[PDB]
>>> print(open('upload01.pdb').read())   # PDB, C-alpha atoms
ATOM      1  CA  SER B 438      43.536 -17.660  31.143  1.00  0.00           C
ATOM      2  CA  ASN B 439      43.936 -20.923  33.083  1.00  0.00           C
ATOM      3  CA  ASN B 440      41.884 -19.530  35.978  1.00  0.00           C
ATOM      4  CA  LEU B 441      38.935 -18.922  33.609  1.00  0.00           C
ATOM      5  CA  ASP B 442      39.037 -21.184  30.537  1.00  0.00           C
ATOM      6  CA  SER B 443      39.932 -24.391  32.400  1.00  0.00           C
ATOM      7  CA  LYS B 444      36.849 -26.296  33.588  1.00  0.00           C
ATOM      8  CA  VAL B 445      37.057 -29.735  35.216  1.00  0.00           C
ATOM      9  CA  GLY B 446      38.438 -32.140  32.609  1.00  0.00           C
ATOM     10  CA  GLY B 447      38.172 -29.905  29.565  1.00  0.00           C
ATOM     11  CA  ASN B 448      36.286 -27.240  27.657  1.00  0.00           C
ATOM     12  CA  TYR B 449      34.568 -28.248  24.418  1.00  0.00           C
ATOM     13  CA  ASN B 450      33.805 -24.623  23.493  1.00  0.00           C
ATOM     14  CA  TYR B 451      37.453 -24.294  22.366  1.00  0.00           C
ATOM     15  CA  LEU B 452      38.403 -26.635  19.516  1.00  0.00           C
ATOM     16  CA  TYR B 453      41.245 -26.815  17.004  1.00  0.00           C
ATOM     17  CA  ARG B 454      41.810 -28.345  13.573  1.00  0.00           C
ATOM     18  CA  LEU B 455      44.320 -31.164  14.028  1.00  0.00           C
ATOM     19  CA  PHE B 456      44.588 -32.042  10.319  1.00  0.00           C
ATOM     20  CA  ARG B 457      44.094 -30.150   7.066  1.00  0.00           C
ATOM     21  CA  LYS B 458      44.528 -31.048   3.407  1.00  0.00           C
ATOM     22  CA  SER B 459      46.780 -28.054   2.677  1.00  0.00           C
ATOM     23  CA  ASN B 460      47.882 -24.732   4.170  1.00  0.00           C
ATOM     24  CA  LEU B 461      45.112 -22.172   4.612  1.00  0.00           C
ATOM     25  CA  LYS B 462      45.706 -18.643   3.362  1.00  0.00           C
ATOM     26  CA  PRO B 463      46.384 -15.934   5.968  1.00  0.00           C
ATOM     27  CA  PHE B 464      43.277 -14.934   7.930  1.00  0.00           C
ATOM     28  CA  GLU B 465      41.302 -17.748   6.285  1.00  0.00           C
ATOM     29  CA  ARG B 466      38.558 -19.490   8.269  1.00  0.00           C
ATOM     30  CA  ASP B 467      37.197 -22.911   7.279  1.00  0.00           C
ATOM     31  CA  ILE B 468      34.851 -24.643   9.734  1.00  0.00           C
ATOM     32  CA  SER B 469      34.197 -27.661   7.495  1.00  0.00           C
ATOM     33  CA  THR B 470      34.054 -30.912   9.466  1.00  0.00           C
ATOM     34  CA  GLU B 471      34.904 -33.149   6.492  1.00  0.00           C
ATOM     35  CA  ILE B 472      36.975 -36.138   7.576  1.00  0.00           C
ATOM     36  CA  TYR B 473      40.632 -35.999   6.556  1.00  0.00           C
ATOM     37  CA  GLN B 474      41.428 -38.664   3.942  1.00  0.00           C
ATOM     38  CA  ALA B 475      45.107 -39.479   3.404  1.00  0.00           C
ATOM     39  CA  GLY B 476      44.653 -42.496   1.113  1.00  0.00           C
ATOM     40  CA  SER B 477      42.631 -43.448  -1.940  1.00  0.00           C
ATOM     41  CA  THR B 478      40.095 -45.482   0.062  1.00  0.00           C
ATOM     42  CA  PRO B 479      36.975 -43.388   0.805  1.00  0.00           C
ATOM     43  CA  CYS B 480      36.644 -42.692   4.521  1.00  0.00           C
ATOM     44  CA  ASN B 481      32.815 -42.602   4.388  1.00  0.00           C
ATOM     45  CA  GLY B 482      32.832 -40.138   7.281  1.00  0.00           C
ATOM     46  CA  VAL B 483      34.273 -42.624   9.793  1.00  0.00           C
ATOM     47  CA  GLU B 484      37.775 -42.955  11.196  1.00  0.00           C
ATOM     48  CA  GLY B 485      40.038 -45.773  10.070  1.00  0.00           C
TER      49      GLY B 485
ATOM     50  CA  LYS K 195      37.345  -8.261  -6.524  1.00  0.00           C
ATOM     51  CA  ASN K 196      38.367  -9.874  -3.236  1.00  0.00           C
ATOM     52  CA  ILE K 197      41.738  -9.215  -1.580  1.00  0.00           C
ATOM     53  CA  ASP K 198      42.513 -11.252   1.552  1.00  0.00           C
ATOM     54  CA  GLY K 199      38.807 -11.344   2.358  1.00  0.00           C
ATOM     55  CA  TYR K 200      38.256  -7.645   1.594  1.00  0.00           C
ATOM     56  CA  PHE K 201      35.668  -7.164  -1.161  1.00  0.00           C
ATOM     57  CA  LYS K 202      36.424  -4.001  -3.141  1.00  0.00           C
ATOM     58  CA  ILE K 203      33.647  -2.266  -5.087  1.00  0.00           C
ATOM     59  CA  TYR K 204      34.115   0.377  -7.789  1.00  0.00           C
ATOM     60  CA  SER K 205      31.282   2.167  -9.583  1.00  0.00           C
ATOM     61  CA  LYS K 206      30.793   4.659 -12.408  1.00  0.00           C
ATOM     62  CA  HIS K 207      27.697   6.353 -13.838  1.00  0.00           C
ATOM     63  CA  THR K 208      27.745   8.349 -17.077  1.00  0.00           C
ATOM     64  CA  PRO K 209      25.097   9.024 -19.739  1.00  0.00           C
ATOM     65  CA  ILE K 210      25.429   7.298 -23.108  1.00  0.00           C
ATOM     66  CA  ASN K 211      23.653   7.037 -26.460  1.00  0.00           C
ATOM     67  CA  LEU K 212      23.868   3.457 -27.720  1.00  0.00           C
ATOM     68  CA  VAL K 213      21.800   1.187 -29.964  1.00  0.00           C
ATOM     69  CA  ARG K 214      23.643  -2.160 -29.880  1.00  0.00           C
ATOM     70  CA  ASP K 215      27.083  -3.675 -29.222  1.00  0.00           C
ATOM     71  CA  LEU K 216      29.292  -1.301 -27.157  1.00  0.00           C
ATOM     72  CA  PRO K 217      30.066   2.430 -27.068  1.00  0.00           C
ATOM     73  CA  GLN K 218      33.375   4.020 -28.035  1.00  0.00           C
ATOM     74  CA  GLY K 219      34.953   6.033 -25.245  1.00  0.00           C
ATOM     75  CA  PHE K 220      36.902   6.023 -22.000  1.00  0.00           C
ATOM     76  CA  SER K 221      35.800   6.011 -18.368  1.00  0.00           C
ATOM     77  CA  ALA K 222      37.127   5.492 -14.846  1.00  0.00           C
ATOM     78  CA  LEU K 223      35.474   3.895 -11.814  1.00  0.00           C
ATOM     79  CA  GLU K 224      35.520   5.517  -8.355  1.00  0.00           C
ATOM     80  CA  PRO K 225      35.457   3.666  -5.013  1.00  0.00           C
ATOM     81  CA  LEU K 226      31.961   3.116  -3.619  1.00  0.00           C
ATOM     82  CA  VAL K 227      32.244   1.011  -0.427  1.00  0.00           C
ATOM     83  CA  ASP K 228      34.551  -1.463   1.315  1.00  0.00           C
ATOM     84  CA  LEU K 229      33.045  -4.716   2.592  1.00  0.00           C
ATOM     85  CA  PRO K 230      35.240  -6.692   5.056  1.00  0.00           C
ATOM     86  CA  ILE K 231      33.164  -9.862   4.738  1.00  0.00           C
ATOM     87  CA  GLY K 232      35.881 -12.478   4.326  1.00  0.00           C
ATOM     88  CA  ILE K 233      33.995 -15.175   2.391  1.00  0.00           C
ATOM     89  CA  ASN K 234      35.451 -16.898  -0.656  1.00  0.00           C
ATOM     90  CA  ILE K 235      33.491 -16.320  -3.872  1.00  0.00           C
ATOM     91  CA  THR K 236      33.637 -18.752  -6.803  1.00  0.00           C
ATOM     92  CA  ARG K 237      30.357 -17.945  -8.590  1.00  0.00           C
ATOM     93  CA  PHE K 238      27.969 -15.027  -9.018  1.00  0.00           C
ATOM     94  CA  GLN K 239      24.404 -14.439 -10.182  1.00  0.00           C
ATOM     95  CA  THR K 240      22.496 -11.542 -11.730  1.00  0.00           C
ATOM     96  CA  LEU K 241      19.236 -10.009 -10.497  1.00  0.00           C
ATOM     97  CA  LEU K 242      16.813  -8.241 -12.844  1.00  0.00           C
ATOM     98  CA  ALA K 243      13.408  -6.636 -12.374  1.00  0.00           C
TER      99      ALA K 243
END
>>> encode(input="upload01.pdb", output="structure tokens")
Amino acid sequence: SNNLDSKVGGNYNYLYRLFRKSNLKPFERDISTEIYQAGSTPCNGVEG
Amino acid sequence: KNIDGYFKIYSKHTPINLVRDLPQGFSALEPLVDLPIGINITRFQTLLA
């Protein structure tokens, strides 16, 4: 679909989840935008 | 119950004569409808008139 989906520098309508706490079950949808926290320090919703 | 996002519903309707506690007997529930919703359920609530 390169001739259709591609638009200039990118298309924000198509997004993916780069990180997740665990493995989602098959056909499981979770649109939560909670920041991924790998350590014990609270992220407070900001990267770091 | 929910199976891979499919919510199964079973229903049964039979007359009874009860005062308190529970009746003594046997029954089976037939399928009513299939709801392919796909939302996780962790709690439920009851509605009364």
>>> atom_distance(input="upload01.pdb", atom1="atom CA of residue B:484", atom2="atom CA of residue B:472")
7.8 Å
>>> atom_distance(input="upload01.pdb", atom1="atom CA of residue B:451", atom2="atom CA of residue B:469")
15.6 Å
>>> atom_distance(input="upload01.pdb", atom1="atom CA of residue K:209", atom2="atom CA of residue K:223")
14.0 Å
>>> interface_residues(input="upload01.pdb", of="chain K", to="chain B", cutoff="10 Å", atoms="all atoms listed in the file", output="list in words")
residues 198, 199, 232, 233 and 234 of chain K
>>> axis_aligned_box(input="upload01.pdb", around="stretch 230-237 of chain K", padding_each_side="5 Å", output="JSON")
{"center_x": 33.1, "center_y": -12.7, "center_z": -1.8, "size_x": 15.5, "size_y": 22.1, "size_z": 23.6}
>>> decode(input="upload01.pdb", residues="chain K", atoms="N, CA and C atoms", output="mmCIF file, in the first residue's frame")
data_model
loop_
_atom_site.group_PDB
_atom_site.id
_atom_site.type_symbol
_atom_site.label_atom_id
_atom_site.label_comp_id
_atom_site.auth_asym_id
_atom_site.auth_seq_id
_atom_site.Cartn_x
_atom_site.Cartn_y
_atom_site.Cartn_z
ATOM 1 N N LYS K 195 -19.858 -16.240 30.677
ATOM 2 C CA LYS K 195 -18.427 -16.478 30.567
ATOM 3 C C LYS K 195 -17.913 -15.780 29.318
ATOM 4 N N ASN K 196 -16.599 -15.572 29.279
ATOM 5 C CA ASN K 196 -15.930 -14.942 28.147
ATOM 6 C C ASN K 196 -14.810 -15.855 27.678
ATOM 7 N N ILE K 197 -14.793 -16.155 26.381
ATOM 8 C CA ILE K 197 -13.798 -17.038 25.780
ATOM 9 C C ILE K 197 -13.177 -16.296 24.604
ATOM 10 N N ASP K 198 -11.935 -15.846 24.776
ATOM 11 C CA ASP K 198 -11.197 -15.151 23.723
ATOM 12 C C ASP K 198 -12.004 -13.976 23.174
ATOM 13 N N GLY K 199 -12.659 -13.256 24.082
ATOM 14 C CA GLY K 199 -13.463 -12.109 23.726
ATOM 15 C C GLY K 199 -14.897 -12.425 23.358
ATOM 16 N N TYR K 200 -15.258 -13.702 23.262
ATOM 17 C CA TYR K 200 -16.621 -14.103 22.938
ATOM 18 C C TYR K 200 -17.387 -14.343 24.234
ATOM 19 N N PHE K 201 -18.456 -13.577 24.438
ATOM 20 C CA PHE K 201 -19.258 -13.662 25.653
ATOM 21 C C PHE K 201 -20.413 -14.628 25.411
ATOM 22 N N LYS K 202 -20.368 -15.781 26.074
ATOM 23 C CA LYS K 202 -21.400 -16.799 25.931
ATOM 24 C C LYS K 202 -22.485 -16.597 26.980
ATOM 25 N N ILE K 203 -23.738 -16.762 26.561
ATOM 26 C CA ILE K 203 -24.895 -16.588 27.431
ATOM 27 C C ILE K 203 -25.751 -17.843 27.355
ATOM 28 N N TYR K 204 -26.129 -18.369 28.518
ATOM 29 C CA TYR K 204 -27.004 -19.527 28.623
ATOM 30 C C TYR K 204 -28.145 -19.187 29.571
ATOM 31 N N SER K 205 -29.357 -19.607 29.217
ATOM 32 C CA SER K 205 -30.545 -19.244 29.975
ATOM 33 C C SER K 205 -31.449 -20.455 30.150
ATOM 34 N N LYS K 206 -32.237 -20.427 31.224
ATOM 35 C CA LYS K 206 -33.216 -21.464 31.516
ATOM 36 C C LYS K 206 -34.367 -20.852 32.299
ATOM 37 N N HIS K 207 -35.588 -21.267 31.968
ATOM 38 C CA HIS K 207 -36.792 -20.786 32.634
ATOM 39 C C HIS K 207 -37.690 -21.977 32.935
ATOM 40 N N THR K 208 -37.981 -22.191 34.214
ATOM 41 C CA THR K 208 -38.832 -23.285 34.653
ATOM 42 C C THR K 208 -39.593 -22.859 35.900
ATOM 43 N N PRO K 209 -40.869 -23.229 36.011
ATOM 44 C CA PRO K 209 -41.629 -22.871 37.214
ATOM 45 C C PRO K 209 -41.119 -23.613 38.440
ATOM 46 N N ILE K 210 -41.277 -22.973 39.601
ATOM 47 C CA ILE K 210 -40.854 -23.542 40.873
ATOM 48 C C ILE K 210 -41.845 -23.141 41.956
ATOM 49 N N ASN K 211 -41.749 -23.828 43.093
ATOM 50 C CA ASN K 211 -42.537 -23.517 44.282
ATOM 51 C C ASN K 211 -41.585 -23.510 45.470
ATOM 52 N N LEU K 212 -41.116 -22.322 45.848
ATOM 53 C CA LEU K 212 -40.096 -22.190 46.877
ATOM 54 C C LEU K 212 -40.521 -21.132 47.883
ATOM 55 N N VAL K 213 -40.091 -21.324 49.129
ATOM 56 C CA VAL K 213 -40.322 -20.368 50.209
ATOM 57 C C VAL K 213 -39.036 -19.627 50.561
ATOM 58 N N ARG K 214 -37.980 -20.363 50.905
ATOM 59 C CA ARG K 214 -36.682 -19.781 51.214
ATOM 60 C C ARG K 214 -35.590 -20.765 50.818
ATOM 61 N N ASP K 215 -34.346 -20.302 50.907
ATOM 62 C CA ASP K 215 -33.157 -21.124 50.641
ATOM 63 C C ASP K 215 -33.163 -21.485 49.156
ATOM 64 N N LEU K 216 -33.050 -22.757 48.788
ATOM 65 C CA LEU K 216 -32.946 -23.179 47.399
ATOM 66 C C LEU K 216 -33.857 -24.373 47.156
ATOM 67 N N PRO K 217 -34.268 -24.597 45.912
ATOM 68 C CA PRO K 217 -35.064 -25.785 45.598
ATOM 69 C C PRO K 217 -34.184 -27.007 45.380
ATOM 70 N N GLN K 218 -34.830 -28.170 45.395
ATOM 71 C CA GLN K 218 -34.164 -29.450 45.175
ATOM 72 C C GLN K 218 -34.599 -29.985 43.816
ATOM 73 N N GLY K 219 -33.658 -30.062 42.885
ATOM 74 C CA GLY K 219 -33.975 -30.549 41.558
ATOM 75 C C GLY K 219 -32.787 -30.416 40.633
ATOM 76 N N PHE K 220 -33.036 -30.671 39.350
ATOM 77 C CA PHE K 220 -32.005 -30.591 38.326
ATOM 78 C C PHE K 220 -32.538 -29.802 37.141
ATOM 79 N N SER K 221 -31.635 -29.095 36.463
ATOM 80 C CA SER K 221 -32.008 -28.286 35.312
ATOM 81 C C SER K 221 -30.796 -28.112 34.408
ATOM 82 N N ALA K 222 -31.068 -27.740 33.158
ATOM 83 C CA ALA K 222 -30.037 -27.482 32.164
ATOM 84 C C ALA K 222 -30.337 -26.164 31.466
ATOM 85 N N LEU K 223 -29.283 -25.458 31.068
ATOM 86 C CA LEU K 223 -29.403 -24.143 30.454
ATOM 87 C C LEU K 223 -29.101 -24.235 28.963
ATOM 88 N N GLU K 224 -29.989 -23.631 28.135
ATOM 89 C CA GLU K 224 -29.832 -23.647 26.690
ATOM 90 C C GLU K 224 -29.166 -22.362 26.204
ATOM 91 N N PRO K 225 -28.458 -22.410 25.075
ATOM 92 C CA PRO K 225 -27.885 -21.177 24.521
ATOM 93 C C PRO K 225 -28.967 -20.157 24.200
ATOM 94 N N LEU K 226 -28.645 -18.884 24.426
ATOM 95 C CA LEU K 226 -29.565 -17.784 24.159
ATOM 96 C C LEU K 226 -29.036 -16.904 23.032
ATOM 97 N N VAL K 227 -27.826 -16.358 23.172
ATOM 98 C CA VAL K 227 -27.235 -15.482 22.166
ATOM 99 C C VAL K 227 -25.723 -15.516 22.321
ATOM 100 N N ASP K 228 -25.025 -15.138 21.252
ATOM 101 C CA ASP K 228 -23.571 -15.026 21.246
ATOM 102 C C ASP K 228 -23.207 -13.572 20.986
ATOM 103 N N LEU K 229 -22.376 -13.004 21.856
ATOM 104 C CA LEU K 229 -22.012 -11.594 21.768
ATOM 105 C C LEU K 229 -20.517 -11.461 21.515
ATOM 106 N N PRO K 230 -20.075 -11.253 20.270
ATOM 107 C CA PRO K 230 -18.633 -11.037 20.016
ATOM 108 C C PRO K 230 -18.216 -9.599 20.303
ATOM 109 N N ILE K 231 -18.154 -9.262 21.591
ATOM 110 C CA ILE K 231 -17.836 -7.906 22.022
ATOM 111 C C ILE K 231 -16.323 -7.751 22.089
ATOM 112 N N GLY K 232 -15.672 -8.583 22.899
ATOM 113 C CA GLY K 232 -14.229 -8.559 22.997
ATOM 114 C C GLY K 232 -13.668 -7.638 24.055
ATOM 115 N N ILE K 233 -14.419 -7.367 25.121
ATOM 116 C CA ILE K 233 -13.966 -6.502 26.202
ATOM 117 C C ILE K 233 -13.789 -7.338 27.461
ATOM 118 N N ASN K 234 -12.649 -7.151 28.120
ATOM 119 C CA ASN K 234 -12.372 -7.846 29.368
ATOM 120 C C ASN K 234 -13.351 -7.400 30.446
ATOM 121 N N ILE K 235 -13.794 -8.353 31.262
ATOM 122 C CA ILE K 235 -14.748 -8.101 32.336
ATOM 123 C C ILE K 235 -14.120 -8.594 33.632
ATOM 124 N N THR K 236 -14.026 -7.710 34.625
ATOM 125 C CA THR K 236 -13.507 -8.062 35.939
ATOM 126 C C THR K 236 -14.517 -7.835 37.056
ATOM 127 N N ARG K 237 -15.624 -7.150 36.780
ATOM 128 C CA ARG K 237 -16.648 -6.906 37.784
ATOM 129 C C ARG K 237 -18.001 -6.844 37.090
ATOM 130 N N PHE K 238 -19.058 -7.039 37.876
ATOM 131 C CA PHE K 238 -20.418 -7.006 37.366
ATOM 132 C C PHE K 238 -21.331 -6.375 38.407
ATOM 133 N N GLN K 239 -22.490 -5.910 37.943
ATOM 134 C CA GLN K 239 -23.470 -5.264 38.802
ATOM 135 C C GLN K 239 -24.857 -5.787 38.461
ATOM 136 N N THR K 240 -25.763 -5.675 39.429
ATOM 137 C CA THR K 240 -27.127 -6.162 39.298
ATOM 138 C C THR K 240 -28.093 -4.989 39.178
ATOM 139 N N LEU K 241 -29.135 -5.182 38.371
ATOM 140 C CA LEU K 241 -30.164 -4.172 38.153
ATOM 141 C C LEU K 241 -31.506 -4.741 38.584
ATOM 142 N N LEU K 242 -32.220 -4.000 39.430
ATOM 143 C CA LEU K 242 -33.525 -4.401 39.930
ATOM 144 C C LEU K 242 -34.520 -3.262 39.754
ATOM 145 N N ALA K 243 -35.785 -3.632 39.583
ATOM 146 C CA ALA K 243 -36.864 -2.663 39.457
ATOM 147 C C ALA K 243 -37.329 -2.220 40.838
#
